[PDB]
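Here's the structure, in structure tokens; my notes come after.
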Ligand SMILES: *C(=O)[C@@H](NC(=O)[C@H](N)c1ccccc1)[C@@H]1N[C@@H](C(=O)O)C(C)(C)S1
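Residue numbers (PDB author numbering): 24 to 89, 93 to 270.
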């Protein structure tokens, strides 16, 4: 049970095969999660396509934010559902995430996120507030590492194709737009193919990682590391523990 000396305030790594913790630090602590919220949006986008309620080719106009935004970078407002989903997962474009949630359930999308959270076994310490994880009316999206593990594991087992997108260091859209991934560990740790970064002043630097080697998948959670690099340094330590 050796200490890792992590930057993160809360961190953990779990085996997917049995859901068991291999390392835990403040695993029950309620923590701001910010852009990690986009994994729930991704889950609900994928449920919508499967349920014949959403088309990958439907074109949508980016909602305007009050943040990293797809519109500002490109000056293009109209995007397919596919590209909005890629932008949300790769570059963490808030306006992309909010456009997807609004198409799915309008104003009622946070209620749908928390409905789904309870459905996937996440504890009542989890609260989503928005499709992007941006604060809403001063309230913040919060969760625990244990709850984030359950979300991620359910997302990967229910929709394994999420990793087809999260494993790409660059997603190039059909019309040539190159969306650069925030996951700098891709191509560095063997088997790593996800999952999602986040950062606010309050949440610090966060990252949910996942890797698989020889049938064994692990999911790592890093919350409130001190720099953009340190959340990845913590992930390397956790990923070493996960495959020991
Ligand atoms: C999710 O956490 C997003 N964070 C923000 O939009 C912050 N409000 C912000 C950060 C910096 C400047 C202005 C606002 C996105 N996820 C982050 C991440 O993946 O590390 C982001 C910086 C790419 S933005």
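In this text, a Cβ means the ideal position worked out from N, Cα and C, and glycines have one as well.
- Judged by pairs of C-beta atoms under 8 Å, the stretch 104-122 touches the stretch 56-63, as three or more such pairs exist.
- Using a Cβ-Cβ distance cut-off of 8 Å, the stretch 179-188 and the stretch 155-170 are not in contact, since fewer than three pairs of beta carbons, one from each stretch, lie closer than that value.
- Counting of Cβ neighbours within 10 angstroms places residue 28 among the exposed residues, the total staying below 16.
- Only residues of its own chain outside the window of five on either side were considered, and among them 231 have a CB closer than 6 Å to the CB of residue 225, listed in chain order.
- In the three-state scheme derived from DSSP, where H, G and I count as helix and E and B as strand, residue 262 is classed as helix.
- Between ligand 1 and residue 164, a heavy atom-to-CB distance of less than 6 Å is absent.
- The residue among 37, 251, 153, 176 with its C-alpha nearest the C-alpha of residue 137 is 153.
- Here the C-alpha atom of residue 156 lies approximately 29 Å from the C-alpha atom of residue 264.
- For residue 191, the enclosing alpha helix (DSSP H) starts and ends at 188-192.
- Every residue whose beta carbon comes nearer than 6 Å to a heavy atom of ligand 1 appears here in chain order: 57, 58, 93, 94, 118, 120, 159, 208, 223, 224, 225, 226.
- CA-to-CA, the gap between residue 84 and residue 169 works out to about 30 Å.
- With respect to the 7 Å criterion, residue 120 and residue 77 are not classified as neighbours on the basis of their beta carbons.
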